[PDB]
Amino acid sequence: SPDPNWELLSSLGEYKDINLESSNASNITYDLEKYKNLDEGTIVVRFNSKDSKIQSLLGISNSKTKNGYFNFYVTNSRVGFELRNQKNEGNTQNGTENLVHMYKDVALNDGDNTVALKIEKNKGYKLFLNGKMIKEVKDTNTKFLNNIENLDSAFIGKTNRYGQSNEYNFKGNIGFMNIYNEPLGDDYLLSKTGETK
């Protein structure tokens, strides 16, 4: 990754017009090899939710575990992500590491919102929403997808988990999702997310 970061970069993944009105997530597991070893990157999502519960925009997980997952989520009044690893499979809490839970209480538009998560390896994390950098966390030992063992699922609109776990099914539409292998420039993220001030 250069310093400063690129202001415009080709996406690793780009997904559009995902209809989640009946809360049936979009399986993007075919792209999993692109993401599973990432130690940094950027995720940009345009969304409109019809619900107030915790809902995954993007869920990347080890479906053989309860708690081995990355969950980029929203509510009606909050955005954030969790990062958790689990070393033991099946119906158990054993071997769970709760790595990061970063979130911010926010005002959302009633219509479309645009959010971004920026991860800079061993620098930190930033959240953007509707043209603002809403939260920055400095961290000299960052964790991301490469820290979750045996990933096997990637979904837009849910997190694929073992057994009876809460999959955080999203209800509404996702206009777009763009995933990058590098941290993008703040100015790019401010303008891009800013399209839905």
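Counting begins at 1, following the sequence as shown.
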Open item on the list: Please compare 114-122 with 90-98 and name the stretch with the higher mean C-alpha B-factor in the deposited structure.
Closed with: 90-98
TODO: Would you tell me which stretch averages the higher CA B-factor in the PDB entry, 14-22 or 182-190?
DONE: 14-22
TODO: Among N27, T159, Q164, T42, single out the one with the highest C-alpha B factor in the record, please.
DONE: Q164
Task: Which of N109, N85, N71, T75 ranks first by CA B-factor in the deposited coordinates - done: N109
- [ ] Grab the CA temperature factor for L129 from the record and place it in the lowest, middle or highest third of its chain.
- [x] middle
TODO: Just say lowest, middle or highest third for the CA B-factor of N150 relative to the other modelled residues in its chain.
DONE: middle
Task: For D139, the third of its chain into which the C-alpha B factor falls - done: highest
Task: Modelled-residue ranking by C-alpha temperature factor, third containing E33 - done: middle
- [ ] Using the B-factors in the PDB entry, rank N169's C-alpha atom against the chain and give the third, lowest, middle or highest.
- [x] middle
